[PDB]
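Some notes on the structure that comes next.
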There are 2 protein chains.
Amino acid sequence: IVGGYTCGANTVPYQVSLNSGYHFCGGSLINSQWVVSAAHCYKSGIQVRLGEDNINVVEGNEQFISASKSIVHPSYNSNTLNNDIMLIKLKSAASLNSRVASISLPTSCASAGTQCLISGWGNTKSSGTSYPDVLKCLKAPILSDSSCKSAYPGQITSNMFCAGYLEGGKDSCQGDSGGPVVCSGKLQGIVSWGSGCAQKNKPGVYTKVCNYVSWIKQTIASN
Amino acid sequence: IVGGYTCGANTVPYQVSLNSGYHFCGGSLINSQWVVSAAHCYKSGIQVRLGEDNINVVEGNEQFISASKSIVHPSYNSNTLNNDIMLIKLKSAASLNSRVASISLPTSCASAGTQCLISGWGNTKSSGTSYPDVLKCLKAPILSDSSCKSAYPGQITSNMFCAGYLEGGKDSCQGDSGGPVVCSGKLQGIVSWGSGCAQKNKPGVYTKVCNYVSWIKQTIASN
Ligand SMILES: [Ca+2]
Ligand SMILES: [Ca+2]
Ligand SMILES: [Ca+2]
Ligand SMILES: [Ca+2]
Ligand SMILES: [Ca+2]
Ligand SMILES: [Ca+2]
Ligand SMILES: [Ca+2]
Ligand SMILES: [Ca+2]
Ligand SMILES: [Ca+2]
Ligand SMILES: [Ca+2]
Ligand SMILES: [Ca+2]
Ligand SMILES: [Ca+2]
């Protein structure tokens, strides 16, 4: 998160850290056994770390559950990052408590101007490379489809939204990938891509979770 | 209290006024020797005033007992106001009558929608400024964790819940800090913080007392 603030300890209980020795991607807990992330965050063997605030220090609220089944969307294109959504199943159900909780799936898609929470342990810098220990938060609005199409001409598909600022300064960055964009209590976006971080007329593009509620709901029942 | 009503005389017998030359914070009597307040209501010199209705006129039911022990929760953060709870021991035991009584600790956590009574000598305006002589009361519901987080993104932890109105108009304000949120006979909340007072989609944030019952019982027994 570039231009955001340090989240309060466990204020984002649905946020998980995808681990493979170190932190590489983010995700969101939607039930006791299922984490939803990004398809470009796929790798064979992921440890899902829940209840984190400081990813480099053990605090007492962490549940470390390895992935048992990593499912990528079948219609995922990695030329356009279309359908950039991934389902990860845990070994065991995670113990849902006051600081490890689930986020609701969208009952409807979110209008432009609606406010959302983007979170991650990703890069706080826009230039070289710099990673924070504590989770970072970004309050950003959903931009109209028109602004998104004009910011990335011929690039923003059906299954994409832009969330943030045309002025720049505030955006998600490298490492925030797969992370939650939660609007009005519902997971409306997954951190996908953008042109750099916090650039002018270059807001972050996010996966439309509302297009995949049936696919997720079916896949969860399936497996 | 903004948008509340003037409390009946001694209708809130567990309500106390923290004094340090003048009213600044509130508290709740949980036994004859212990007042529970907020950690951000800390001061090295507190006189605990019990049995008050008009804090500016001596009425005859008042017990003025200086604080002997002000104990702040050890894991208290005053950047995020997490663990915003404080225990105050009196010099002398308070004389428990019909106008000075104890409030019960929560036997269980409170559901969303349950109604509660918030009380205080804090500011009655959401606009300018007005501080009352007489205690003020507010009937307000417990909001869902989702609504609280949606109102304060990256700010509401485990140990915080929201009590009030997304519509606005009714809320606690500056000067109500440390005061009781009592639901169905039990102390479920302590007046902590919020973004202004009585603003739209900005309800008051309160310390979740049900998370600290063991800490209170132990701290009181220890000391
Ligand atoms: Ca940690
Ligand atoms: Ca292609
Ligand atoms: Ca840091
Ligand atoms: Ca008042
Ligand atoms: Ca009165
Ligand atoms: Ca007791
Ligand atoms: Ca008086
Ligand atoms: Ca003593
Ligand atoms: Ca402390
Ligand atoms: Ca004394
Ligand atoms: Ca009690
Ligand atoms: Ca609610």
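Ordering of the structure tokens sets the chain letters (A, B, ...), residue numbers begin anew at 1 in every chain, and ligands are numbered from 1 in the order given.
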- Message: Just want the residues within 7 Å of ligand 7, written as a list in words, counting only C-alpha atoms and all ligand atoms.
- Response: residues 52, 53, 54, 55, 56, 57, 58, 59 and 62 of chain B
Produce a file of the selected residues containing N, CA and C atoms, as a PDB file, in the first residue's frame.
ATOM      1  N   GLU B  52     -23.952  11.855  41.713  1.00  0.00           N
ATOM      2  CA  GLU B  52     -24.128  13.184  41.147  1.00  0.00           C
ATOM      3  C   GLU B  52     -25.272  13.211  40.147  1.00  0.00           C
ATOM      4  N   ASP B  53     -25.911  14.368  40.035  1.00  0.00           N
ATOM      5  CA  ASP B  53     -26.841  14.631  38.949  1.00  0.00           C
ATOM      6  C   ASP B  53     -26.443  15.957  38.318  1.00  0.00           C
ATOM      7  N   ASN B  54     -26.379  16.995  39.147  1.00  0.00           N
ATOM      8  CA  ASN B  54     -25.847  18.290  38.742  1.00  0.00           C
ATOM      9  C   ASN B  54     -24.433  18.438  39.292  1.00  0.00           C
ATOM     10  N   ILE B  55     -23.441  18.371  38.409  1.00  0.00           N
ATOM     11  CA  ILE B  55     -22.043  18.376  38.830  1.00  0.00           C
ATOM     12  C   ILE B  55     -21.554  19.757  39.252  1.00  0.00           C
ATOM     13  N   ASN B  56     -22.412  20.761  39.114  1.00  0.00           N
ATOM     14  CA  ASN B  56     -22.023  22.134  39.415  1.00  0.00           C
ATOM     15  C   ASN B  56     -22.717  22.693  40.654  1.00  0.00           C
ATOM     16  N   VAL B  57     -23.626  21.908  41.223  1.00  0.00           N
ATOM     17  CA  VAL B  57     -24.324  22.280  42.449  1.00  0.00           C
ATOM     18  C   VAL B  57     -24.267  21.108  43.419  1.00  0.00           C
ATOM     19  N   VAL B  58     -23.927  21.356  44.675  1.00  0.00           N
ATOM     20  CA  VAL B  58     -23.907  20.297  45.669  1.00  0.00           C
ATOM     21  C   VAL B  58     -25.389  19.996  46.042  1.00  0.00           C
ATOM     22  N   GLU B  59     -25.835  18.752  46.009  1.00  0.00           N
ATOM     23  CA  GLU B  59     -27.243  18.383  46.114  1.00  0.00           C
ATOM     24  C   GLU B  59     -27.569  17.600  47.383  1.00  0.00           C
ATOM     25  N   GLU B  62     -24.061  13.315  47.113  1.00  0.00           N
ATOM     26  CA  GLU B  62     -22.730  13.151  46.535  1.00  0.00           C
ATOM     27  C   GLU B  62     -21.706  12.567  47.501  1.00  0.00           C
TER      28      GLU B  62
END
- Task: Within 12 Å of ligand 3, which residues show up when you count only C-alpha atoms and all ligand atoms? List them as an MDAnalysis selection string, please.
- Result: chainID A and resid 1 4:8 53:57 120:125 130:137
- Item | Those of stretch 136-192 of chain B in DSSP helix (DSSP H, G or I), formatted as a PyMOL selection string | chain B and resi 145-151
Write out the residues from the selection above, keeping N, CA, C and O atoms, as a CSV table (one decimal), in the first residue's frame.
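Written out: again-v6.csv:
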chain,number,residue,atom,x,y,z
B,145,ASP,N,-20.3,-5.7,13.7
B,145,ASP,CA,-18.9,-5.5,13.5
B,145,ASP,C,-18.6,-5.0,12.1
B,145,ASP,O,-17.7,-4.2,11.9
B,146,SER,N,-19.4,-5.4,11.2
B,146,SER,CA,-19.3,-5.0,9.8
B,146,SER,C,-19.6,-3.6,9.6
B,146,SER,O,-18.9,-2.9,8.9
B,147,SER,N,-20.6,-3.1,10.2
B,147,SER,CA,-21.0,-1.7,10.1
B,147,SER,C,-20.0,-0.8,10.8
B,147,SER,O,-19.8,0.3,10.4
B,148,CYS,N,-19.4,-1.3,11.9
B,148,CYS,CA,-18.4,-0.5,12.6
B,148,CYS,C,-17.2,-0.4,11.8
B,148,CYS,O,-16.6,0.7,11.7
B,149,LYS,N,-16.7,-1.5,11.2
B,149,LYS,CA,-15.6,-1.5,10.3
B,149,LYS,C,-15.8,-0.7,9.1
B,149,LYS,O,-14.9,-0.1,8.5
B,150,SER,N,-17.0,-0.7,8.6
B,150,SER,CA,-17.4,0.1,7.4
B,150,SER,C,-17.4,1.6,7.6
B,150,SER,O,-17.2,2.4,6.7
B,151,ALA,N,-17.6,1.9,8.9
B,151,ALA,CA,-17.7,3.3,9.3
B,151,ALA,C,-16.3,3.8,9.6
B,151,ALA,O,-15.9,4.9,9.4
Hey, which residues sit close to ligand 10? Say within 10 Å, counting only C-alpha atoms and all ligand atoms, and write them as a PDB file with C-alpha atoms, in the first residue's frame.
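Okay, part-v9.pdb is ready:
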ATOM      1  CA  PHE B  64     -16.393  12.671  46.954  1.00  0.00           C
ATOM      2  CA  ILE B  65     -13.730   9.962  47.067  1.00  0.00           C
ATOM      3  CA  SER B  66     -10.240  10.588  45.707  1.00  0.00           C
ATOM      4  CA  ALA B  67      -8.612   7.927  43.551  1.00  0.00           C
ATOM      5  CA  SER B  68      -5.979   5.769  45.212  1.00  0.00           C
ATOM      6  CA  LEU B  90     -11.018   4.465  45.693  1.00  0.00           C
ATOM      7  CA  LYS B  91      -9.376   5.497  48.962  1.00  0.00           C
ATOM      8  CA  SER B  92     -12.413   4.484  50.982  1.00  0.00           C
ATOM      9  CA  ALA B  93     -15.198   2.068  50.143  1.00  0.00           C
ATOM     10  CA  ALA B  94     -18.211   3.895  48.730  1.00  0.00           C
TER      11      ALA B  94
END
Selection: 8 Å around stretch 162-179 of chain A, only C-alpha atoms, excl. self and same-chain fewer than 3 positions, as a PDB file with N, CA, C and O atoms, in the first residue's frame:
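Below you can see result-v7.pdb, which holds the result:
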ATOM      1  N   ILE A   1       0.818  -1.206   0.000  1.00  0.00           N
ATOM      2  CA  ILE A   1       0.000   0.000   0.000  1.00  0.00           C
ATOM      3  C   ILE A   1       0.855   1.261   0.000  1.00  0.00           C
ATOM      4  O   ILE A   1       1.626   1.501   0.927  1.00  0.00           O
ATOM      5  N   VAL A   2       0.710   2.068  -1.045  1.00  0.00           N
ATOM      6  CA  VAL A   2       1.431   3.332  -1.151  1.00  0.00           C
ATOM      7  C   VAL A   2       0.531   4.493  -0.764  1.00  0.00           C
ATOM      8  O   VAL A   2      -0.554   4.652  -1.318  1.00  0.00           O
ATOM      9  N   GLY A   3       0.969   5.296   0.199  1.00  0.00           N
ATOM     10  CA  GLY A   3       0.213   6.470   0.591  1.00  0.00           C
ATOM     11  C   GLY A   3      -0.930   6.133   1.524  1.00  0.00           C
ATOM     12  O   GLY A   3      -1.879   6.901   1.668  1.00  0.00           O
ATOM     13  N   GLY A   4      -0.841   4.971   2.161  1.00  0.00           N
ATOM     14  CA  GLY A   4      -1.842   4.564   3.126  1.00  0.00           C
ATOM     15  C   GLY A   4      -1.382   4.783   4.553  1.00  0.00           C
ATOM     16  O   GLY A   4      -0.404   5.488   4.803  1.00  0.00           O
ATOM     17  N   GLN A  15      -8.057 -10.500   6.379  1.00  0.00           N
ATOM     18  CA  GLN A  15      -6.825 -10.435   5.600  1.00  0.00           C
ATOM     19  C   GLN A  15      -5.872 -11.566   5.975  1.00  0.00           C
ATOM     20  O   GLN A  15      -5.578 -11.777   7.152  1.00  0.00           O
ATOM     21  N   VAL A  16      -5.391 -12.289   4.969  1.00  0.00           N
ATOM     22  CA  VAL A  16      -4.423 -13.354   5.195  1.00  0.00           C
ATOM     23  C   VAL A  16      -3.154 -13.059   4.404  1.00  0.00           C
ATOM     24  O   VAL A  16      -3.172 -12.293   3.439  1.00  0.00           O
ATOM     25  N   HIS A  23       6.694 -13.627   2.748  1.00  0.00           N
ATOM     26  CA  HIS A  23       5.444 -13.063   2.244  1.00  0.00           C
ATOM     27  C   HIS A  23       5.559 -12.773   0.750  1.00  0.00           C
ATOM     28  O   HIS A  23       6.563 -12.220   0.300  1.00  0.00           O
ATOM     29  N   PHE A  24       4.536 -13.145  -0.017  1.00  0.00           N
ATOM     30  CA  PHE A  24       4.528 -12.843  -1.447  1.00  0.00           C
ATOM     31  C   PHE A  24       3.192 -12.295  -1.950  1.00  0.00           C
ATOM     32  O   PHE A  24       3.167 -11.474  -2.866  1.00  0.00           O
ATOM     33  N   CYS A  25       2.087 -12.735  -1.357  1.00  0.00           N
ATOM     34  CA  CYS A  25       0.770 -12.275  -1.795  1.00  0.00           C
ATOM     35  C   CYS A  25      -0.237 -12.203  -0.654  1.00  0.00           C
ATOM     36  O   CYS A  25       0.035 -12.651   0.459  1.00  0.00           O
ATOM     37  N   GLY A  26      -1.408 -11.643  -0.946  1.00  0.00           N
ATOM     38  CA  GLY A  26      -2.463 -11.513   0.042  1.00  0.00           C
ATOM     39  C   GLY A  26      -3.686 -12.328  -0.333  1.00  0.00           C
ATOM     40  O   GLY A  26      -3.717 -12.968  -1.384  1.00  0.00           O
ATOM     41  N   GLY A  27      -4.701 -12.296   0.523  1.00  0.00           N
ATOM     42  CA  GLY A  27      -5.924 -13.039   0.287  1.00  0.00           C
ATOM     43  C   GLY A  27      -7.001 -12.644   1.275  1.00  0.00           C
ATOM     44  O   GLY A  27      -6.761 -11.838   2.174  1.00  0.00           O
ATOM     45  N   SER A  28      -8.189 -13.216   1.114  1.00  0.00           N
ATOM     46  CA  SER A  28      -9.309 -12.889   1.987  1.00  0.00           C
ATOM     47  C   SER A  28     -10.053 -14.141   2.435  1.00  0.00           C
ATOM     48  O   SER A  28     -10.309 -15.044   1.638  1.00  0.00           O
ATOM     49  N   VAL A  36      -9.898 -16.546  -0.662  1.00  0.00           N
ATOM     50  CA  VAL A  36      -9.974 -16.094  -2.048  1.00  0.00           C
ATOM     51  C   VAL A  36      -8.871 -15.078  -2.345  1.00  0.00           C
ATOM     52  O   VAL A  36      -8.739 -14.065  -1.657  1.00  0.00           O
ATOM     53  N   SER A  37      -8.066 -15.370  -3.363  1.00  0.00           N
ATOM     54  CA  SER A  37      -6.946 -14.509  -3.728  1.00  0.00           C
ATOM     55  C   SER A  37      -6.935 -14.206  -5.223  1.00  0.00           C
ATOM     56  O   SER A  37      -7.983 -14.180  -5.866  1.00  0.00           O
ATOM     57  N   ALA A  38      -5.743 -13.992  -5.771  1.00  0.00           N
ATOM     58  CA  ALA A  38      -5.589 -13.701  -7.193  1.00  0.00           C
ATOM     59  C   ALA A  38      -4.943 -14.869  -7.918  1.00  0.00           C
ATOM     60  O   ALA A  38      -4.135 -15.598  -7.343  1.00  0.00           O
ATOM     61  N   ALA A  39      -5.296 -15.041  -9.186  1.00  0.00           N
ATOM     62  CA  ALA A  39      -4.801 -16.171  -9.960  1.00  0.00           C
ATOM     63  C   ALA A  39      -3.314 -16.031 -10.268  1.00  0.00           C
ATOM     64  O   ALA A  39      -2.605 -17.030 -10.388  1.00  0.00           O
ATOM     65  N   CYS A  41      -1.277 -14.994  -8.261  1.00  0.00           N
ATOM     66  CA  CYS A  41      -0.598 -15.268  -7.002  1.00  0.00           C
ATOM     67  C   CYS A  41      -0.480 -16.769  -6.773  1.00  0.00           C
ATOM     68  O   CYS A  41      -0.230 -17.215  -5.655  1.00  0.00           O
ATOM     69  N   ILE A  85      -8.621 -14.404 -10.316  1.00  0.00           N
ATOM     70  CA  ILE A  85      -9.189 -14.804  -9.034  1.00  0.00           C
ATOM     71  C   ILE A  85      -8.848 -16.263  -8.719  1.00  0.00           C
ATOM     72  O   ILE A  85      -8.864 -17.119  -9.602  1.00  0.00           O
ATOM     73  N   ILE A 118      -8.731  -1.037   1.112  1.00  0.00           N
ATOM     74  CA  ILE A 118      -7.687  -1.865   0.525  1.00  0.00           C
ATOM     75  C   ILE A 118      -6.574  -2.040   1.555  1.00  0.00           C
ATOM     76  O   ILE A 118      -6.146  -1.070   2.178  1.00  0.00           O
ATOM     77  N   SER A 119      -6.117  -3.274   1.741  1.00  0.00           N
ATOM     78  CA  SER A 119      -5.120  -3.571   2.765  1.00  0.00           C
ATOM     79  C   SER A 119      -4.049  -4.529   2.255  1.00  0.00           C
ATOM     80  O   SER A 119      -4.299  -5.319   1.346  1.00  0.00           O
ATOM     81  N   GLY A 120      -2.859  -4.464   2.846  1.00  0.00           N
ATOM     82  CA  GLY A 120      -1.782  -5.359   2.467  1.00  0.00           C
ATOM     83  C   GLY A 120      -0.450  -5.098   3.147  1.00  0.00           C
ATOM     84  O   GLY A 120      -0.217  -4.026   3.706  1.00  0.00           O
ATOM     85  N   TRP A 121       0.431  -6.092   3.081  1.00  0.00           N
ATOM     86  CA  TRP A 121       1.789  -5.967   3.599  1.00  0.00           C
ATOM     87  C   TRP A 121       2.727  -5.682   2.445  1.00  0.00           C
ATOM     88  O   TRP A 121       3.910  -6.023   2.480  1.00  0.00           O
ATOM     89  N   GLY A 122       2.181  -5.045   1.419  1.00  0.00           N
ATOM     90  CA  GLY A 122       2.946  -4.729   0.238  1.00  0.00           C
ATOM     91  C   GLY A 122       3.691  -3.421   0.362  1.00  0.00           C
ATOM     92  O   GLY A 122       3.676  -2.762   1.401  1.00  0.00           O
ATOM     93  N   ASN A 123       4.340  -3.057  -0.731  1.00  0.00           N
ATOM     94  CA  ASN A 123       5.271  -1.946  -0.794  1.00  0.00           C
ATOM     95  C   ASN A 123       4.640  -0.580  -0.499  1.00  0.00           C
ATOM     96  O   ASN A 123       3.569  -0.259  -1.012  1.00  0.00           O
ATOM     97  N   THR A 124       5.311   0.215   0.337  1.00  0.00           N
ATOM     98  CA  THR A 124       4.792   1.517   0.774  1.00  0.00           C
ATOM     99  C   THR A 124       5.414   2.657  -0.016  1.00  0.00           C
ATOM    100  O   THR A 124       5.051   3.821   0.141  1.00  0.00           O
ATOM    101  N   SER A 126       6.809   4.237  -3.897  1.00  0.00           N
ATOM    102  CA  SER A 126       6.517   4.203  -5.333  1.00  0.00           C
ATOM    103  C   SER A 126       7.740   4.024  -6.262  1.00  0.00           C
ATOM    104  O   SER A 126       7.575   3.727  -7.447  1.00  0.00           O
ATOM    105  N   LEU A 138      -5.716   1.344   3.081  1.00  0.00           N
ATOM    106  CA  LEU A 138      -5.956   2.414   2.127  1.00  0.00           C
ATOM    107  C   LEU A 138      -7.444   2.617   1.907  1.00  0.00           C
ATOM    108  O   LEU A 138      -8.135   1.736   1.398  1.00  0.00           O
ATOM    109  N   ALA A 140     -10.049   4.085  -0.288  1.00  0.00           N
ATOM    110  CA  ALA A 140     -10.137   4.519  -1.678  1.00  0.00           C
ATOM    111  C   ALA A 140     -11.536   4.300  -2.240  1.00  0.00           C
ATOM    112  O   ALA A 140     -12.215   3.343  -1.870  1.00  0.00           O
ATOM    113  N   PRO A 141     -11.972   5.194  -3.137  1.00  0.00           N
ATOM    114  CA  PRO A 141     -13.298   5.078  -3.749  1.00  0.00           C
ATOM    115  C   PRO A 141     -13.284   4.248  -5.029  1.00  0.00           C
ATOM    116  O   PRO A 141     -12.238   4.112  -5.663  1.00  0.00           O
ATOM    117  N   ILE A 142     -14.436   3.701  -5.401  1.00  0.00           N
ATOM    118  CA  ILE A 142     -14.569   3.012  -6.676  1.00  0.00           C
ATOM    119  C   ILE A 142     -14.825   4.023  -7.783  1.00  0.00           C
ATOM    120  O   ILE A 142     -15.753   4.827  -7.700  1.00  0.00           O
ATOM    121  N   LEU A 143     -13.994   3.982  -8.817  1.00  0.00           N
ATOM    122  CA  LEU A 143     -14.110   4.924  -9.919  1.00  0.00           C
ATOM    123  C   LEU A 143     -15.080   4.390 -10.959  1.00  0.00           C
ATOM    124  O   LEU A 143     -15.306   3.186 -11.048  1.00  0.00           O
ATOM    125  N   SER A 144     -15.656   5.293 -11.741  1.00  0.00           N
ATOM    126  CA  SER A 144     -16.619   4.901 -12.757  1.00  0.00           C
ATOM    127  C   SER A 144     -15.923   4.087 -13.834  1.00  0.00           C
ATOM    128  O   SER A 144     -14.717   4.229 -14.046  1.00  0.00           O
ATOM    129  N   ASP A 145     -16.680   3.217 -14.496  1.00  0.00           N
ATOM    130  CA  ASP A 145     -16.131   2.381 -15.554  1.00  0.00           C
ATOM    131  C   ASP A 145     -15.495   3.251 -16.634  1.00  0.00           C
ATOM    132  O   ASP A 145     -14.486   2.880 -17.225  1.00  0.00           O
ATOM    133  N   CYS A 148     -12.002   4.352 -15.716  1.00  0.00           N
ATOM    134  CA  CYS A 148     -11.116   3.199 -15.733  1.00  0.00           C
ATOM    135  C   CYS A 148     -10.724   2.845 -17.165  1.00  0.00           C
ATOM    136  O   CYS A 148      -9.571   2.508 -17.435  1.00  0.00           O
ATOM    137  N   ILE A 190     -10.323  -7.670  -5.792  1.00  0.00           N
ATOM    138  CA  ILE A 190      -9.066  -8.350  -5.510  1.00  0.00           C
ATOM    139  C   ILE A 190      -7.934  -7.582  -6.175  1.00  0.00           C
ATOM    140  O   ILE A 190      -8.051  -7.180  -7.333  1.00  0.00           O
ATOM    141  N   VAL A 191      -6.840  -7.375  -5.447  1.00  0.00           N
ATOM    142  CA  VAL A 191      -5.699  -6.645  -5.987  1.00  0.00           C
ATOM    143  C   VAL A 191      -5.118  -7.385  -7.184  1.00  0.00           C
ATOM    144  O   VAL A 191      -4.578  -8.483  -7.047  1.00  0.00           O
ATOM    145  N   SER A 192      -5.252  -6.783  -8.361  1.00  0.00           N
ATOM    146  CA  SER A 192      -4.792  -7.402  -9.595  1.00  0.00           C
ATOM    147  C   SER A 192      -3.553  -6.691 -10.122  1.00  0.00           C
ATOM    148  O   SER A 192      -2.428  -7.095  -9.831  1.00  0.00           O
ATOM    149  N   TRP A 193      -3.766  -5.630 -10.893  1.00  0.00           N
ATOM    150  CA  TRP A 193      -2.661  -4.926 -11.531  1.00  0.00           C
ATOM    151  C   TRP A 193      -2.877  -3.422 -11.644  1.00  0.00           C
ATOM    152  O   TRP A 193      -3.878  -2.878 -11.178  1.00  0.00           O
ATOM    153  N   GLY A 196       2.521   0.634 -12.652  1.00  0.00           N
ATOM    154  CA  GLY A 196       3.290   1.156 -11.537  1.00  0.00           C
ATOM    155  C   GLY A 196       2.428   1.281 -10.295  1.00  0.00           C
ATOM    156  O   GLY A 196       1.458   0.544 -10.129  1.00  0.00           O
ATOM    157  N   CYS A 197       2.779   2.220  -9.424  1.00  0.00           N
ATOM    158  CA  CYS A 197       2.019   2.441  -8.200  1.00  0.00           C
ATOM    159  C   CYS A 197       1.826   3.931  -7.953  1.00  0.00           C
ATOM    160  O   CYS A 197       2.784   4.704  -8.006  1.00  0.00           O
ATOM    161  N   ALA A 198       0.579   4.319  -7.699  1.00  0.00           N
ATOM    162  CA  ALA A 198       0.227   5.688  -7.325  1.00  0.00           C
ATOM    163  C   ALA A 198       0.621   6.713  -8.384  1.00  0.00           C
ATOM    164  O   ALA A 198       0.964   7.848  -8.057  1.00  0.00           O
ATOM    165  N   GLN A 199       0.566   6.320  -9.652  1.00  0.00           N
ATOM    166  CA  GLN A 199       0.878   7.249 -10.732  1.00  0.00           C
ATOM    167  C   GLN A 199      -0.365   8.042 -11.115  1.00  0.00           C
ATOM    168  O   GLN A 199      -1.488   7.608 -10.860  1.00  0.00           O
ATOM    169  N   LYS A 200      -0.162   9.206 -11.725  1.00  0.00           N
ATOM    170  CA  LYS A 200      -1.279  10.065 -12.104  1.00  0.00           C
ATOM    171  C   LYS A 200      -2.060   9.433 -13.250  1.00  0.00           C
ATOM    172  O   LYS A 200      -1.468   8.910 -14.197  1.00  0.00           O
ATOM    173  N   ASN A 201      -3.386   9.479 -13.146  1.00  0.00           N
ATOM    174  CA  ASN A 201      -4.279   8.837 -14.109  1.00  0.00           C
ATOM    175  C   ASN A 201      -3.986   7.345 -14.257  1.00  0.00           C
ATOM    176  O   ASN A 201      -4.282   6.743 -15.289  1.00  0.00           O
ATOM    177  N   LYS A 202      -3.410   6.757 -13.213  1.00  0.00           N
ATOM    178  CA  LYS A 202      -3.091   5.334 -13.203  1.00  0.00           C
ATOM    179  C   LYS A 202      -3.534   4.684 -11.897  1.00  0.00           C
ATOM    180  O   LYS A 202      -2.698   4.292 -11.081  1.00  0.00           O
ATOM    181  N   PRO A 203      -4.855   4.559 -11.694  1.00  0.00           N
ATOM    182  CA  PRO A 203      -5.322   3.910 -10.467  1.00  0.00           C
ATOM    183  C   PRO A 203      -5.152   2.399 -10.550  1.00  0.00           C
ATOM    184  O   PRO A 203      -4.962   1.864 -11.642  1.00  0.00           O
ATOM    185  N   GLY A 204      -5.230   1.721  -9.412  1.00  0.00           N
ATOM    186  CA  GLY A 204      -5.077   0.280  -9.388  1.00  0.00           C
ATOM    187  C   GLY A 204      -6.304  -0.397  -9.960  1.00  0.00           C
ATOM    188  O   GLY A 204      -7.426   0.045  -9.722  1.00  0.00           O
ATOM    189  N   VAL A 205      -6.091  -1.459 -10.730  1.00  0.00           N
ATOM    190  CA  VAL A 205      -7.192  -2.212 -11.311  1.00  0.00           C
ATOM    191  C   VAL A 205      -7.442  -3.464 -10.483  1.00  0.00           C
ATOM    192  O   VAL A 205      -6.502  -4.163 -10.110  1.00  0.00           O
ATOM    193  N   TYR A 206      -8.706  -3.750 -10.196  1.00  0.00           N
ATOM    194  CA  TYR A 206      -9.031  -4.823  -9.269  1.00  0.00           C
ATOM    195  C   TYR A 206     -10.041  -5.800  -9.865  1.00  0.00           C
ATOM    196  O   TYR A 206     -10.888  -5.421 -10.671  1.00  0.00           O
TER     197      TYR A 206
END
- Item | ligand 9 neighbours within 8 Å using only C-alpha atoms and all ligand atoms, as JSON, numbers by chain | {"B": [39, 71, 72, 73, 74, 75, 76, 77]}
Which chain B residues have any atom within 6 Å of an atom of chain A, and for each, what is the nearest pair of atoms with distance in Å to one decimal, counting only C-alpha atoms, rows sorted by chain and number, as a Markdown table?
| residue | atom | partner | partner_atom | distance |
| --- | --- | --- | --- | --- |
| B:146 | CA | A:185 | CA | 5.4 |
| B:150 | CA | A:184 | CA | 5.6 |
| B:154 | CA | A:7 | CA | 5.0 |
| B:155 | CA | A:8 | CA | 5.4 |
| B:156 | CA | A:11 | CA | 5.2 |
| B:157 | CA | A:11 | CA | 4.5 |
| B:158 | CA | A:98 | CA | 5.3 |
If you keep N, CA, C and O atoms, can you produce a file of those selected residues as a PDB file, in the first residue's frame?
ATOM      1  N   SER B 146     -19.424  -5.441  11.150  1.00  0.00           N
ATOM      2  CA  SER B 146     -19.281  -5.041   9.757  1.00  0.00           C
ATOM      3  C   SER B 146     -19.586  -3.559   9.566  1.00  0.00           C
ATOM      4  O   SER B 146     -18.868  -2.856   8.857  1.00  0.00           O
ATOM      5  N   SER B 150     -17.035  -0.655   8.582  1.00  0.00           N
ATOM      6  CA  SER B 150     -17.365   0.067   7.358  1.00  0.00           C
ATOM      7  C   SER B 150     -17.414   1.562   7.642  1.00  0.00           C
ATOM      8  O   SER B 150     -17.242   2.383   6.741  1.00  0.00           O
ATOM      9  N   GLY B 154     -10.044   0.046   8.943  1.00  0.00           N
ATOM     10  CA  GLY B 154      -8.712  -0.143   9.489  1.00  0.00           C
ATOM     11  C   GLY B 154      -8.529   0.436  10.880  1.00  0.00           C
ATOM     12  O   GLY B 154      -7.404   0.720  11.297  1.00  0.00           O
ATOM     13  N   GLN B 155      -9.633   0.605  11.602  1.00  0.00           N
ATOM     14  CA  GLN B 155      -9.598   1.269  12.900  1.00  0.00           C
ATOM     15  C   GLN B 155     -10.254   0.444  14.013  1.00  0.00           C
ATOM     16  O   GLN B 155      -9.858   0.535  15.174  1.00  0.00           O
ATOM     17  N   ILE B 156     -11.250  -0.362  13.656  1.00  0.00           N
ATOM     18  CA  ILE B 156     -12.011  -1.112  14.651  1.00  0.00           C
ATOM     19  C   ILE B 156     -11.473  -2.527  14.895  1.00  0.00           C
ATOM     20  O   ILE B 156     -11.591  -3.404  14.036  1.00  0.00           O
ATOM     21  N   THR B 157     -10.885  -2.740  16.070  1.00  0.00           N
ATOM     22  CA  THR B 157     -10.314  -4.036  16.444  1.00  0.00           C
ATOM     23  C   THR B 157     -11.336  -4.942  17.127  1.00  0.00           C
ATOM     24  O   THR B 157     -12.515  -4.605  17.216  1.00  0.00           O
ATOM     25  N   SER B 158     -10.866  -6.102  17.584  1.00  0.00           N
ATOM     26  CA  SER B 158     -11.610  -6.959  18.508  1.00  0.00           C
ATOM     27  C   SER B 158     -12.251  -6.202  19.641  1.00  0.00           C
ATOM     28  O   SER B 158     -13.428  -6.382  19.956  1.00  0.00           O
TER      29      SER B 158
END
- Test item: residues no farther than 9 Å from ligand 11, counting only C-alpha atoms and all ligand atoms, as a ChimeraX atom specification: /B:29-31,102-106,186-187,213,217
- Query: Do you have the atom CA of residue B:160-atom CA of residue B:212 distance handy?
  - Reply: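 Interatomic distance, atom CA of residue B:160 to atom CA of residue B:212: 11.5 Å.
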- Task: Please check which protein, DNA or RNA residues sit within 10 Å of ligand 2, counting only C-alpha atoms and all ligand atoms, and write them as number ranges by chain.
- Result: A: 76-82
- Could you write out, as an NGL selection string, all the residues of stretch 24-206 of chain A that DSSP marks as strand (DSSP E)? :A and (24-31 or 34-37 or 47-50 or 63-72 or 86-90 or 115-120 or 136-141 or 160-163 or 180-183 or 186-193 or 204-206)
